[PDB]
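Beneath this line is the structure, given in structure tokens, with notes to follow.
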Amino acid sequence: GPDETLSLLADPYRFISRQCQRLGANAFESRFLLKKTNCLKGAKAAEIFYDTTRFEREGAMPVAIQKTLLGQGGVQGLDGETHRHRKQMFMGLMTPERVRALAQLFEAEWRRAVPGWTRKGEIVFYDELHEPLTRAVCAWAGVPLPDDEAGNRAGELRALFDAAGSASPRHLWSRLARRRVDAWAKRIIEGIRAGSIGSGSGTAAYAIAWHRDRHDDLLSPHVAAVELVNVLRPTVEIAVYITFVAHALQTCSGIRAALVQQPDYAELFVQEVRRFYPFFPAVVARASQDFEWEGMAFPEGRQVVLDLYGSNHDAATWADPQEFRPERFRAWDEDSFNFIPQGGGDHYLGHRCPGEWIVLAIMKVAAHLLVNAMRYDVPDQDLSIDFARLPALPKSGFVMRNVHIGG
Ligand code: HEM
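Numbering-wise, UniProt numbering puts 145 at position 137 of the sequence shown, and it's gapless, one number per residue.
In structure tokens, the structure reads:
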């Protein structure tokens with residue numbers, strides 16, 4: 009039929025679920041760029057999407073994303089045993105103690121940045137999160153980061169996802185940010201291999217610099233650089249989820265008090281933040297063989313997009329997805345396909361986000377400080393979510409006035 013690209017960019021989070029609702033189905037055939045695209049939504053859809061005998065990621069990623077968001081040669085573009093062996097490198101980083109260490113470093117950096125925020129009077133909370141995250145994740149990952157460069161590197165990491173997918177000249181800064189960050193990370197890898205950088209044996213940058221592939225070869229310095237940015241960048245992106253934590257504390261009644269007094273509530277709350285709020289709209293794969301599913305044809309080579317936001321707001325799964333209610337997670341069966349803000353399926357055997365433990369730990373630190381430590385006022389502003397923005401944010405970016413902290 010018609011090309012629907014422009015309609016998708018106008019409503020990137022909701023386009024799929026809205027059409028699904030219109031059609032009374034969990035899937036529909038469409039066309040993005042010029043490719044026929046099957047669009048899927050829901051737990052059953054997610055589960056077939058993560059079947060690696062039917063779906064491949066190889067070459068499925070639009071080049072614009074490679075040259076900004078993702079880089080070229082990274083784990084996202086791999087399939088099969090090549091993929092599994094590369095994904096294992098990421099998974100080995102995420103021990104409960106290593107995740108804890110990153111959370112601890114991030115709390116310290118948050119606390120160090122508050123005085124700065126106090127003397128400012130008024131801050132855009134979102135704008136202020138990138139640098140502490142950058143400082144935290146760099147130290148955790150063994151990436152040296154001098155004090156006077158921290159601001160700039162945070163700006164560059166931010167530019168990879170917050171200027172990327174944009175209708176404006178911001179796409180140009182994003183592409184240059186990618187070349188700068190790639191060259192920086194590459195210099196890090198090279199110094200580790202040459203002995204000039206003493207990154208500890210438990211650190212991401214070390215693991216990535218010394219990773220051997222299935223042929224016992226080091227990654228090429230550029231591919232290693234891209235994989236290191238795949239740790240640094242998405243950690244800084246947690247700024248979005250932290251902003252949504254502040255937003256929930258502000259727009260939904262009872263949340264604050266429940267968090268203060270109920271110990272087990274934090275975990276339910278951060279889960280519901282990830283379910284409720286838009287972040288990553290969709291993931292893309294290519295059908296690897298001819299098959300049919302619930303009446304829909306999936307010929308070899310068909311581009312297929314899995315709607316994450318729609319799946320997270322699926323009525324069959326949640327009954328009242330439209331409500332923000334952390335308690336729903338008391339009844340969650342931990343299914344790997346019905347709740348997928350960072351992908352579904354298995355972490356080792358598919359492309360599901362290895363960053364979930366980090367996101368959760370950091371979201372918890374955020375929720376803890378925002379209720380138990382950090383005091384602030386919230387002036388009249390537009391807190392409505394910008395569903396036409398990538399990534400989606402409250403329009404204001406969540407503005408704070410009179411910020412101060414204890415311990
Ligand atoms: C900030 C919130 C985050 C969101 C919303 C998010 C979401 C996602 C999604 C939707 C995917 C694709 C899953 C798929 O292709 O099936 C993914 C993959 C990935 N994520 Fe995240 N993530 C986040 C944080 C992180 C963090 C902190 C890390 C740190 C290591 C990380 C590292 C990665 C990597 C390396 C991949 C590719 C994995 C693969 O292809 O096997 N992410 N993420």
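Here a beta-carbon is modelled for each residue, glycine too, at the ideal position from N, C-alpha and C.
Among the options, which residue has its Cα nearest to the Cα of residue i?
i, options, result
"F133", "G414, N410, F406", "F406"
"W148", "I370, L113, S176, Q96", "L113"
"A109", "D354, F332, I370", "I370"
"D315", "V292, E64, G82, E364", "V292"
"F395", "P10, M69, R22, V234", "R22"
"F284", "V313, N320, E12, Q311", "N320"
"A290", "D156, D19, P10", "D19"
"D87", "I197, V248, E64, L16", "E64"
"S228", "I196, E335, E331, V244", "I196"
"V248", "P362, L16, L141, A68", "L141"
"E139", "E117, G150, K128, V379", "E117"
"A158", "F169, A144, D170, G67", "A144"
"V386", "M408, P402, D272, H376", "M408"
"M69", "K49, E130, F40", "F40"
"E331", "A256, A374, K43", "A256"
"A339", "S296, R62, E280, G351", "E280"
"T251", "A175, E136, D341", "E136"
"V71", "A374, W301, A172, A254", "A172"
"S182", "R220, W218, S392, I73", "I73"
"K43", "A295, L398, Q270", "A295"
"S392", "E300, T259, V367, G199", "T259"
"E66", "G9, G309, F287, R106", "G309"
"residue 446", "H230, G79, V231", "Residue 446 is absent from the structure shown; the chain starts at 9 and stops at 415."
"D390", "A400, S404, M382", "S404"
"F287", "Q269, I348, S344", "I348"
"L401", "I246, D322, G206, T61", "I246"
"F306", "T45, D272, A375, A217", "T45"
"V253", "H412, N410, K372", "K372"
"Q269", "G415, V379, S38, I131", "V379"
"residue 417", "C146, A51, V151", "Nothing can be reported for residue 417: it is not among the residues displayed for the chain, which extend from 9 to 415."
Provide the residue span of the alpha helix (DSSP H) that contains residue i, from first to last.
i, result
"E280", "273-284"
"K43", "It is not in any alpha helix (DSSP H) - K43 instead sits in the beta strand (DSSP E) that spans 43-49."
"residue 8", "No statement about residue 8 is possible, as the shown extent of the chain runs from 9 to 415 and does not include it."
"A212", "212-218"
"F345", "From DSSP, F345 is part of no alpha helix (DSSP H); its letter is neither H nor E."
"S15", "13-18"
"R183", "178-202"
"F23", "23-31"
"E130", "Not the alpha helix (DSSP H): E130 falls in the beta strand (DSSP E), residues 130-132."
"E164", "158-170"
"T325", "323-326"
"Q96", "88-100"
On the DSSP letters alone, give me the boundaries of the beta strand (DSSP E) that residue i sits inside.
i, result
"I413", "407-413"
"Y384", "382-385"
"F306", "304-306"
"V145", "Premise fails: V145 lies in the alpha helix (DSSP H), 138-148, not in any beta strand (DSSP E)."
"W340", "Note, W340: premise wrong, no beta strand (DSSP E); not H, not E."
Can you name the residues that DSSP bridges to residue i?
i, result
"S261", "Paired residues: none, contrary to the question."
"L226", "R220"
"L113", "Answer is none; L113 lacks a bridge partner."
"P402", "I393"
"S38", "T45"
"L314", "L48, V291"
"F299", "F306"
"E64", "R294"
"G351", "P349"
Please tell me whether residue i has its Cβ less than 8 Å away from any Cβ of chain B.
i, result
"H223", "Here chain B cannot be found, since the structure has a single protein chain."
(request) Would you be able to state if there are at least three C-beta pairs under 8 Å between the segment 72-86 and the segment 230-238? (result) Taking a cut-off of 8 Å on C-beta distances, the segment 230-238 touches the segment 72-86, as three or more cross pairs fall below it.
(request) May I ask you to verify whether the segment 302-316 touches the segment 26-39, counting CB pairs closer than 8 Å and requiring at least 3? (result) Touching, yes, given that three or more Cβ pairs across the two stretches are closer than 8 Å.
(request) Say whether the segment 269-277 touches the segment 52-71, bearing in mind that this needs 3 or more beta-carbon pairs closer than 8 Å, one atom from each stretch. (result) Contact between the segment 269-277 and the segment 52-71 is absent, because fewer than three Cβ pairs lie under 8 Å.
(request) Check whether the segment 151-168 touches the segment 179-198, counting contact only when three or more Cβ pairs, one atom from each stretch, lie closer than 8 Å. (result) A contact exists between the segment 151-168 and the segment 179-198.
(request) Mind the definition here: the segment 88-102 touches the segment 352-365 only if three or more C-beta pairs lie below 8 Å; say whether that holds. (result) With a cut-off of 8 Å, the segment 352-365 and the segment 88-102 count as touching, because enough Cβ pairs lie within range.
(message) Check whether the segment 93-107 and the segment 325-333 touch, using three or more Cβ-Cβ pairs below 8 Å as the test.
(response) By the Cβ rule, the segment 93-107 does not count as touching the segment 325-333, because fewer than three pairs are nearer than 8 Å.
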